[PDB]
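Colleague: Sequence first, structure after; it's an experimental one.
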Amino acid sequence: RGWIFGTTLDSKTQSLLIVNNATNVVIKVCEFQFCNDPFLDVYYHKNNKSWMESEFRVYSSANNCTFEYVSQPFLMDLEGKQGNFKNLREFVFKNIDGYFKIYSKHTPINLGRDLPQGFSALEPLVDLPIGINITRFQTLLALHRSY
Amino acid sequence: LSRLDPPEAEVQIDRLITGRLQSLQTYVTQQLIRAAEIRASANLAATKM
Amino acid sequence: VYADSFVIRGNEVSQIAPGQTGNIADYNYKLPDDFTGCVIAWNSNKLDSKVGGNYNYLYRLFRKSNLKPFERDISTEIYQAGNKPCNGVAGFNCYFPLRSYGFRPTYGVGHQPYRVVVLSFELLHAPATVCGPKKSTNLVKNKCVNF
Amino acid sequence: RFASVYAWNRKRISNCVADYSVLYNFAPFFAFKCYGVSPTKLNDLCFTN
Ligand SMILES: *[C@@H]1O[C@H](CO)[C@@H](O[C@@H]2O[C@H](CO)[C@@H](O)[C@H](O)[C@H]2NC(C)=O)[C@H](O)[C@H]1NC(C)=O
Ligand SMILES: *[C@@H]1O[C@H](CO)[C@@H](O)[C@H](O)[C@H]1NC(C)=O
Ligand SMILES: *[C@@H]1O[C@H](CO)[C@@H](O)[C@H](O)[C@H]1NC(C)=O
């Protein structure tokens, strides 16, 4: 589930909240006060039940915020069939002169090699003109159900 | 670089580049002709030997 | 096209330029050296200064380091101007960064507030979105034209 | 008191630590036109007098 960027990840500095779900993406840079933790069922088991969703409430507050860029979701999950067939997602972020770029593509074939050899070139997806300085990177992996 | 800002330093340091490029082009041009004459003399010496 | 405006003293108009440095191009608003687009500045002493002085306008004074072009910093803290750490509030060798202007109509040219707005364009091989009043015509193929 | 244009007075400044970034507060001037060196880099060079 997305990525969060910032220089302090506190109320004193602005931060990004790139969040992706099934049919949408929400990009909004706020002065996010607190980011405690993703919601956890504490059960952390899914071999019996395969129902897991609706965590939300990652951040605590956003007092003075702007730059809402709701748009189409970033990644499309291609169907994985007959096993030994997965798509290796690729991403890269850059931050120069107040411009944010994200390049990505969906390279197939991940049969046996964790990081397959060969060659592949990424395509541009979006440019973000917000600005600001980012010096910390964090992930919002949802551990409500994992295997 | 020390006495001027970038917007004027970028203008001023072009003349020196052009002058030095010309001064080096002249040197290589003269060297080509000198090498040609030396090669002609060497061919004459080889034939004479 | 991006239009961001702010109010600065008339003395510091010349610092809003590519390559300029000082007390406003190093801590408040810096422009890139390859800047395109351009600035507009007009005097606004008619409605920005009171007889007792306008104290609603601020500007940053002390920062740890110069900021990269096209960056913002609205954080507040206490500058460390001495060996002794500054826990907070105001103390010796512990300065509050923000300071207030004192625009008054009595001041001559060079101290009256000025009202500046800067436009920024970009000319890259991307689908164009905005431009001037030109009327499209029919398309001609396999003939020598002036496209 | 400033002297008249036909009898301008000369003052010699030497043996001190200059700071050209503080002149903006003494007088309400606007331009600071300067010919030989860029006004930005006044407080970096070192002079004789
Ligand atoms: C020359 O006049 C200026 C104009 O007031 C004086 O500038 C002040 O200097 C003090 C420092 O003692 C500062 O606290 C003020 O903020 C300054 N005000 C202004 C408007 O510049 C300067 O001190 C005077 N110098 C001499 C030697 O008389
Ligand atoms: C993804 O989030 C958006 C944001 O409101 C929501 O409208 C959409 O329904 C979500 N996707 C699904 C499949 O519910
Ligand atoms: C936005 O609101 C926060 C919280 O009240 C405040 O700290 C901040 O200064 C505000 N931003 C402004 C006034 O530009």
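Modeller: Perfect, thanks for sending it. Residues are numbered from 1 along each chain as shown, chains lettered A, B, ... in the order given. Ligands and ions are numbered 1, 2, ... in the order given.
Colleague: Chain neighbours aside, what residue packs nearest to residue A:68?
Modeller: Distance criterion C-beta to C-beta, 6 or more residues apart in numbering or on different chains; nearest residue to residue A:68, sequence neighbours excluded, is residue A:28 at 5.0 Å. C-beta: built from backbone N, CA, C; applies to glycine.
Colleague: Run a quick neighbour tally on the one you found.
Modeller: When neighbours are defined as other C-beta atoms under 10 Å in any protein chain shown, residue A:28 has 17 of them.
Colleague: contacting residues for it?
Modeller: A:16-17, A:62, A:65, A:67-69 (C-beta atoms under 8 Å, 6 or more residues apart in numbering or on different chains).
Colleague: what do you get for residue C:35?
Modeller: Neighbour list for residue C:35: C:18, C:120 [criterion: C-beta under 8 Å, 6+ apart].
Colleague: roughly how far apart are the residue lying closest to residue A:131 once chain neighbours are set aside and residue A:123?
Modeller: Spatial nearest neighbour of residue A:131, chain neighbours left out: residue A:98 (3.6 Å); criterion: C-beta to C-beta, 6+ apart. In this view, residue A:98 and residue A:123 are 23 Å apart by C-beta to C-beta, to the nearest Å.
Colleague: who has more neighbours, those two?
Modeller: Neighbour count, other C-beta under 10 Å: between residue A:98 and residue A:123, residue A:98 has more, with 18 against 8.
Colleague: what secondary structure does the spatially closest residue to residue D:42 that is not a sequence neighbour sit in?
Modeller: Using C-beta to C-beta, 6+ apart and skipping residues adjacent in sequence, the residue nearest residue D:42 is residue D:20, 3.7 Å away. Classification of residue D:20 using DSSP: H, G, I helix; E, B strand; the rest coil returns coil.
Colleague: Give me the neighbour count for residue 40.
Modeller: Just going to use chain A. Using other C-beta under 10 Å, residue A:40 has 12 neighbouring residues.
Colleague: To clarify, I was referring to chain C.
Modeller: Residue neighbour count, defined by other C-beta under 10 Å, stands at 11 for residue C:40.
Colleague: which residues does it contact?
Modeller: When contacts are counted by C-beta under 8 Å, 6+ apart, residue C:40 touches C:116-119.
Colleague: same question, residue C:98
Modeller: Residue C:98 touches C:58-61, C:76, counting by C-beta under 8 Å, 6+ apart.
Colleague: circling back: can I assume the residue nearest to residue A:131 is in contact with residue C:71?
Modeller: Yes: using C-beta atoms under 8 Å, residue A:98 is in contact with residue C:71, at 6.3 Å.
Colleague: Find the residues that touch each one of the two.
Modeller: Contacts common to residue A:98 and residue C:71, judged by C-beta under 8 Å, 6+ apart, are A:131-132.
Colleague: Going along the chain, name the strands of chain A.
Modeller: Using DSSP state E, the strands of chain A run over residues A:3-6, A:15-21, A:24-26, A:29-30, A:88-96, A:99-107, A:123-128, A:136-139.
Colleague: of these, which approaches residue D:6 most closely?
Modeller: Among the strands of chain A, the nearest to residue D:6 by C-beta to C-beta is strand A:88-96 (57.5 Å).
Colleague: who's residue C:59 bridged to?
Modeller: Taking DSSP bridges, one obtains residue C:99 as the residues bridged to residue C:59.
Colleague: Run a quick neighbour tally on it.
Modeller: The number of residues packed near residue C:59 is 19, by other C-beta under 10 Å.
Colleague: Let me know the distance separating it from residue C:44.
Modeller: Residue C:59 is 16 Å from residue C:44, by C-beta to C-beta.
Colleague: And for residue A:41?
Modeller: Distance, residue A:41 to residue C:44, using C-beta to C-beta: 59 Å.
Colleague: between those two, which one's more packed in?
Modeller: Neighbours were counted for residue A:41 and for residue C:44 using other C-beta under 10 Å; residue C:44 has more, 16 against 13.
Colleague: Identify the residue spatially nearest to that one, adjacent ones excluded.
Modeller: Among residues not flanking residue C:44 along the chain, residue C:115 sits closest, at 3.6 Å (C-beta to C-beta, 6+ apart).
Colleague: Could you confirm the one you found falls within a strand?
Modeller: Yes: Residue C:115: assigned to a strand according to three-state DSSP.
Colleague: residues contacting residue 27?
Modeller: Looking at chain A here, since you left the chain open. Here residue A:27 is in contact with A:16-19, A:67-71, A:128 (criterion: C-beta under 8 Å, 6+ apart).
Colleague: meant chain D actually
Modeller: Listed by C-beta under 8 Å, 6+ apart, residue D:27 has no contact partners.
Colleague: can you confirm it is in a helix?
Modeller: No: Residue D:27 is assigned coil when assessed by three-state DSSP, not a helix.
Colleague: Give me the neighbour count for the residue lying closest to residue A:137 once chain neighbours are set aside.
Modeller: The shortest distance from residue A:137 to any non-neighbouring residue, by C-beta to C-beta, 6+ apart, is to residue A:5 (6.3 Å). Neighbourhood size, residue A:5 [other C-beta under 10 Å]: 20.
Colleague: Can you tell me the closest non-neighbouring residue to residue C:28?
Modeller: Spatial nearest neighbour of residue C:28, excluding adjacent residues (C-beta to C-beta, 6+ apart): residue C:60 at 5.5 Å.
Colleague: residue in chain D nearest to ligand 2?
Modeller: Residue of chain D nearest ligand 2, by C-beta to the nearest ligand atom: residue D:40 (49.6 Å).
Colleague: and the residue in chain D sticking out farthest from the centre, what does it touch?
Modeller: Computed with C-alpha atoms, centre = their mean, the residue of chain D farthest from its C-alpha average is residue D:6, at 20.6 Å. By C-beta under 8 Å, 6+ apart, the contact set of residue D:6 is empty.
Colleague: Starting from chain D, give me the distance back to residue C:12.
Modeller: 8 Å (C-beta to the nearest C-beta, to the nearest Å).
Colleague: and if you look at residue C:23?
Modeller: 8 Å.
Colleague: Let me see the backbone angles for that residue.
Modeller: phi -90, psi -10 (degrees, to the nearest 10).
Colleague: where exactly do the strands run in chain C?
Modeller: With DSSP E, the ranges of strands along chain C come out as C:2-9, C:39-43, C:58-60, C:98-100, C:113-120.
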